[PDB]
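Undergrad: Sequential numbering of the first sequence, starting at 17, is according to UniProt numbering. Heads up, the beta-carbon is just placed ideally off N, CA and C, and yes, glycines get one too.
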Amino acid sequence: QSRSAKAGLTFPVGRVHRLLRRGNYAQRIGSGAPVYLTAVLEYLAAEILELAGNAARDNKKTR
DNA sequence: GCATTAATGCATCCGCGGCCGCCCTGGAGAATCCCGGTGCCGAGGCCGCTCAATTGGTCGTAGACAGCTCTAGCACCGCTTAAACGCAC
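1. Between the region 48 to 57 and the region 24 to 31, do at least 3 Cβ pairs fall closer than 8 Å?
2. Take the Cβ of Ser47 as the centre, count every other Cβ of all protein chains shown within 10 Å, and call the residue buried at 16 or more, exposed below.
3. Tell me which residue opens and which closes the alpha helix (DSSP H) that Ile45 is part of.
4. Return the first residue and the last residue of the alpha helix (DSSP H) that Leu36 is part of.
5. Can you tell me whether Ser18 is buried or exposed, with buried defined as 16 or more other CB within 10 angstroms of its CB?
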């Protein structure tokens, strides 16, 4: 099983971590950076999607 | 034949009157909202693939922990001008 499931995170911690590793950012990356990044992206995406869905539903649309 | 004097054709200067345009009220017509109504098409649930996230071990390595060093920020003191404020035209 992946850490995202045991941490209840929808976004992939492993994918973010491997993006950071090959993203020429720092040679040493702690385990907290990928989980923090996944959490913040999940929060931002959730808020944006909720607002967009509100804007869609107030215009008689389901998309 | 010439002046002349009353009859006559207008002379041009007002008197009068035919001559309008603006607000307020009378509804009239175009635009909008909105879902039925049906045709269209793509969002996505399902099927099959595949590759890298996770696991464990190896191993070396950077940073918290003091630990110490020294250093300028600050609170304080008092002089010297020095602009800021209120006013007034």
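TA: So, from the data block:
1. The region 24 to 31 and the region 48 to 57 touch, with three or more beta-carbon pairs separated by less than 8 Å.
2. Translated into the one-based positions of the first sequence, residue 47 becomes position 31. That one is exposed.
3. As a working note, residue 45 is residue 29 in the first sequence. Note, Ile45: premise wrong, no alpha helix (DSSP H); not H, not E.
4. Translated into the one-based positions of the first sequence, residue 36 becomes position 20. Residues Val29 to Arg37.
5. Within the first sequence, the letter at position 2 stands for residue 18. It is exposed - the Cβ of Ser18 has fewer than 16 other Cβ atoms within 10 Å.
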